[PDB]
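Trainee: piece number one of the complex, untouched:
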Amino acid sequence: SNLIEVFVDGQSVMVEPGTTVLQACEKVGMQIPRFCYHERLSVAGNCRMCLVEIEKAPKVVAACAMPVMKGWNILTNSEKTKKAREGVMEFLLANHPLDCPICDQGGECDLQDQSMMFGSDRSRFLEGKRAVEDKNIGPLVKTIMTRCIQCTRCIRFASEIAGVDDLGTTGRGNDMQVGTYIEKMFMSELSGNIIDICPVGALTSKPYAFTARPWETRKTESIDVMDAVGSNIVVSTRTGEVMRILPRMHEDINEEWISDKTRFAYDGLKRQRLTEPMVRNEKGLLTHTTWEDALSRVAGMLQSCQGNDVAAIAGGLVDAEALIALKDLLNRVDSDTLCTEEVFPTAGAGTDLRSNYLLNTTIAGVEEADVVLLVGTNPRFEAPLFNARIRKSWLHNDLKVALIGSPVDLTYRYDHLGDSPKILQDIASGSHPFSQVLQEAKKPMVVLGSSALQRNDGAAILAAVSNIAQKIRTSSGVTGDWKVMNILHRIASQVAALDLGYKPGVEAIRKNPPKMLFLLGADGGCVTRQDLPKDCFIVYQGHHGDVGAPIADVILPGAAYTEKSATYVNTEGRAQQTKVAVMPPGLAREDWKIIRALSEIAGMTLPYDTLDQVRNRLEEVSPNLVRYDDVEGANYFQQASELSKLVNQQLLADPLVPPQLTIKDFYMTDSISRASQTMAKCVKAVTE
Amino acid sequence: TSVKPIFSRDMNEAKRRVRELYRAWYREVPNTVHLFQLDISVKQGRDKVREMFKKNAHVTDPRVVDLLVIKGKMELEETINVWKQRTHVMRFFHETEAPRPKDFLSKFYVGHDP
Amino acid sequence: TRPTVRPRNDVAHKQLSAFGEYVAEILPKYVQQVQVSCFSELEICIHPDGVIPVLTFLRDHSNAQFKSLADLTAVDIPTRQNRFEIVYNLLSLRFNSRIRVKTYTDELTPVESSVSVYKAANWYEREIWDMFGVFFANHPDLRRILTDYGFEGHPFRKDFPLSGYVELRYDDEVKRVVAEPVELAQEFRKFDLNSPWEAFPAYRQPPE
């Protein structure tokens, strides 16, 4: 190997060439203090906190920027390293405001903590401090710029990960101000993450502001459900109430970021909530009732159904436990009409093979691709951290990105081939100039958006995209372990609903409209009472009254994603489980508990009592749904592509337009975001 | 897997000690009903003794049942020597505690506990 | 480092190191470790089969004469398979010194009672029975000493919750103090206080 030997405090360690002093100290388990270094941002070297003594060298080096030379003895605890740390901490705390009681960073402040650990205990600054004008960069990030220590993680994040280039430093010297220089509103899809990386309380969360304090919060590790990325989060609660949502580090998903809907839609989780069971009275109005009466009135109608008399629509926020619960409940009635709101085309292979509805490459495998083709999607808003991973590969691997669709902003530059779907017939024939690019690329990656599959020619689009992927993989320089065909989902419930064998889309209910309809959280408005017969018995089961609940006959108040231990499968097939952060409010219950109690009232009691037994059933239907943080590889692209060649569906003349063109359309997609006042302020802030 | 024993080298000596502790409790129940002037019968107290012995009846480790016999002897010494009051004897009879929901449906009705 | 720093006592450190070597070589059958802290406290970490021979030595040997048992202590450390750490603090009035004798047990292995060496231990290890569940073999009257008479559970074990599992109240129906499962009107608020930064680099453990 080419590993060089260096020394940290006399201890030998073998490091790769190019490894910094800080990373060599990290490999022996020592963390150097830092303010401007961030391992997912570019090296700046402008806070000077990481200055460390290399011995036999009469000058400290910035450990975040200096590469190790062979034979260096890094002295992380020597006298002049500690003197450097105390001097730099003294200059950081000279003009810093005495705001620690009224600052939201107190208790979780880097500046506080490593002033306690590495700086002195007292002041010599006998002067008046500076004070900086605050900025209005939007309704999400409160900005108090006197607390700024000018570490420029703002600017590097907005430039390199968010791809915005609208933050910067104006002025010079001690009057150097981080800002936008103008009244500009920093509303990216990843705009709240600067609250994370700001080491001080200069950038705080405006919705979290003043309400809590970090030591008293309980940290429940959980999963995002706002899209099909499956971002690992920390729901921090305090005395039975959700305070905020932080990211967890997962290197293969969301590296340590989350989106703004994920970070700030939790205030919709305490508005418009379903807390008690409701039934229709003699006036046809919803009135509160008990669980006995509501489950009896649902089960009395369920016993009178058989076959296609009962159907069910799954919403976008339903865990795998409630999905297999309602599947077994309708299979006791011998009903196979179980649908989702999001249309996936059943033509050809359908949902039989997993490979034709997954992000088969991975979220991580974007780092290994060299050409990414995006069809019919706006991945900036449909899956914002998938787009952030594409931008990271764009920036570091010189990734070539092409897009077939409307020319949206993706925060990086791509090749816009056009919006008509017939380009998919031109790349699959070789007449188009991008087809040679796909032939000469070693790791191509073709990502079809699941929002483009909502069109009436979704089978034709999926057939064309699969034809392109198999024209590449069976002929060009693909190894065989590399996956080319990919589908990006936008719905947390969708992949788990397809692994359990639902029929995607509501065309099976439009075929024969039943006299009884379950709505597990169905709020897309896909099926309204004009599609049903004269007195259909609609049962809404969910946690918000948004769309499906005003038309329901019996309302079953359910649990939300922070309120249940619950399996969700992301767009790449990785199964993940939330944990209970708080309990559901009022008389609301966990969702499969409701379906199982309904089964016991109906006399068709499902063979599970506990959550582990539901997960045993869930393993029986497909065993990948219980192997958590694991991406099971799905083979058999060739058989799905052979089945797709059977029925030639025609491509429509409509251009591929994603349903989310601007930041306006991002903030409200599901029932939690539509109930969110913070998301309403985001929409009103971007529409003005 | 070579462990130091407490009293019993195997499970048969352990069952001997369990049996002698049960004999001592069985003899003690009428005196306990009398001098603590309880409201239960002697048969009901012997039922509670049998219930508490059958509660631990699945243990296969000699050291664990040696500690169970030691703790039963300690509770017996606290009962014979009148160190417990009436309340400590009556804590085996969870009488003021309302009966918990046992099936799925009533636990669904009352709350969130599995 | 004069005014605010504790003055280091090097003479006591050297003397307790010499006596720790002395005890480690007189009794190599049971002595596992010998350490002296930076504030000059000697610890003899022994095997639990040598509770009586080591403590009888330190009590009776003419160079030790640790005639007083200051304190007897257990510590629950659940990450060790021998989770209980039995601590014997001893005082020699002749040589004006203190020693610490430390051993270990799990939930099921009995420790030999040291009432034959120090009668002071008669209640202390009795309390180690009540608070930790460590059984002491050949104790004269081993039973509970601090808990209530019907108390299930060994409270100073670290898997025992702060509030217990039961709480008392008077009940006027049965005319009796009764025990019920504990419901707090205000939950104890767990504070996560630990800083994410390393405080003491001298105590840095080697990573995996």
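Mentor: Cool, got the structure. Residues are numbered from 1 along each chain as shown, chains lettered A, B, ... in the order given.
Trainee: Around chain C, pick out the residues from chain B.
Mentor: Neighbours of chain C within chain B, by C-beta under 8 Å from any C-beta of the partner chain: B:3-4, B:6, B:61, B:63-64, B:67, B:70, B:74-75, B:77-78, B:83-88, B:90-92, B:95-97. The way it works is simple: take the backbone N, C-alpha and C, and place the C-beta from them, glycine included.
Trainee: now those residues: which count as buried?
Mentor: B:6, B:63, B:67, B:70, B:75, B:78, B:84, B:86-88, B:90-91 (16 or more other C-beta atoms under 10 Å in any protein chain shown).
Trainee: For the stretch 151-300 of chain A, which residues are neighbours of chain B?
Mentor: So the stretch 151-300 of chain A meets chain B at A:291-292 (C-beta under 8 Å from any C-beta).
Trainee: The residue of the stretch 151-300 of chain A found nearest chain B: what's it in contact with?
Mentor: Relative to chain B, the nearest point of the stretch 151-300 of chain A is residue A:291 (5.7 Å; C-beta to the nearest C-beta). Going by C-beta atoms under 8 Å, 6 or more residues apart in numbering or on different chains, residue A:291 touches A:277, A:587, A:589, A:597, B:108-109.
Trainee: quick check, nearest of those to residue C:106?
Mentor: Nearest to residue C:106 among these is residue B:108, at 40.6 Å by C-beta to C-beta.
Trainee: Can you give me the buried ones in stretch A:154-167?
Mentor: A:154-164, A:166-167.
Trainee: Let's add chain D too:
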Amino acid sequence: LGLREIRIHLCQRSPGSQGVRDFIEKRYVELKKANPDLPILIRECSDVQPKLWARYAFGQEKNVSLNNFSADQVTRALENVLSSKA
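Mentor: If we add chain D to the chains shown above, we get the following:
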């Protein structure tokens, strides 16, 4: 009353699933062309023993272990499942 779905669990790499893999590479397509409205859910996983689940009407599920079969034995077990419908 009749077969409603088929579930075939298998492994990507285990040799005990190999014949099942040999079934899907060769004989699944003309199976699916023979049964266009029958959902045959192929589920690969990491360390599972091979398995054929047959859900029938009114929630009835039969369960066949496809472990260490050849592709002919998987074909015969699956056509017994298709011909039973009980």
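Trainee: Take the contacts of residue A:291 again, chain D included.
Mentor: Residue A:291 sits in contact with A:277, A:587, A:589, A:597, B:108-109, where contact means C-beta under 8 Å, 6+ apart.
Trainee: Mind checking which of those are in helices?
Mentor: Counting by DSSP state H, these place A:597, B:108-109 in helices.
Trainee: need the contacts of residue A:291 in JSON lines with distance to residue A:530, can you?
Mentor: Formatted as JSON lines, the contacts of residue A:291 follow (distance: C-beta to C-beta, whole Å):
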{"residue": "A:277", "distance to residue A:530": "26"}
{"residue": "A:587", "distance to residue A:530": "32"}
{"residue": "A:589", "distance to residue A:530": "31"}
{"residue": "A:597", "distance to residue A:530": "31"}
{"residue": "B:108", "distance to residue A:530": "35"}
{"residue": "B:109", "distance to residue A:530": "36"}
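Trainee: Now which of those would you call buried?
Mentor: Using 16+ other C-beta under 10 Å, the buried members of the contacts of residue A:291 are A:277, A:587, A:589, A:597, B:108-109.
Trainee: so which of the ones in helices among the contacts of residue A:291 comes closest to chain D?
Mentor: Out of these, the member with the shortest distance to chain D (by C-beta to the nearest C-beta) is residue A:597, at 17.6 Å.
Trainee: Quick one: residues contacting that closest one.
Mentor: Counted by C-beta under 8 Å, 6+ apart, residue A:597 has contacts A:291, A:295, A:589, B:104-105, B:108.
Trainee: please redo it, this time with the cut-off set to 7 Å
Mentor: A:295, B:104-105, B:108 (C-beta atoms under 7 Å, 6 or more residues apart in numbering or on different chains).
Trainee: Go ahead and add chain E:
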Amino acid sequence: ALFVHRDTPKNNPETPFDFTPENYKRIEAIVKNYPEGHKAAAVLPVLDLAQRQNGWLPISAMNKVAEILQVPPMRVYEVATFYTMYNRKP
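Mentor: Now chain E, sitting on the chains shown earlier:
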């Protein structure tokens, strides 16, 4: 002495500013001094050229330099506030 901007009626992004065509020929001469792919290197002369045509820099000369060089406007605001010759006031 302020390093933020506030839109006044005499200094806003709708303040009239554009280069004369001879200033465009000078801008082309400036941009051809730097390598291809590094057109941003012409931010400092061209902006100063906008100070020579106008006498001072409103926030329409900064935005025009940002437009004709294909650089983000914040990166021109940084250069205009960093350097002491650029008059951000008349």
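Trainee: Could you re-examine the contacts of residue A:597 with chain E now present?
Mentor: A:295, B:104-105, B:108.
Trainee: How about residue A:180?
Mentor: A:135, A:137, A:166-167, A:186, E:74.
Trainee: Can you flag which of these belong to helices?
Mentor: Those of these lying in helices (DSSP H): residue E:74.
Trainee: circling back to that earlier point, and which of the contacts of residue A:597 is nearest chain D?
Mentor: Comparing the contacts of residue A:597 against chain D with C-beta to the nearest C-beta picks out residue B:104 as the nearest, at 18.5 Å.
Trainee: okay, now the domains of chain A?
Mentor: Domain assignment for chain A by curated CATH domains gives A:1-212, A:213-270+A:667-688, A:271-342+A:491-632, A:343-490+A:633-666.
Trainee: Generate a markdown table for these, with distance to residue C:149 as supplementary columns.
Mentor: Converted to a markdown table, the domains of chain A look like this (distance: least, C-beta to C-beta, whole Å):
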| stretch | distance to residue C:149 |
| --- | --- |
| domain A:1-212 | 43 |
| domain A:213-270+A:667-688 | 35 |
| domain A:271-342+A:491-632 | 36 |
| domain A:343-490+A:633-666 | 59 |
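Trainee: between the ones you listed, which one is nearest to residue B:52?
Mentor: Using C-beta to C-beta, the domains of chain A put domain A:271-342+A:491-632 closest to residue B:52, at 26.9 Å.
Trainee: End to end on that closest one, go ahead and measure it.
Mentor: Chord length of domain A:271-342+A:491-632, first to last residue, is 38 Å (C-alpha to C-alpha, to the nearest Å).
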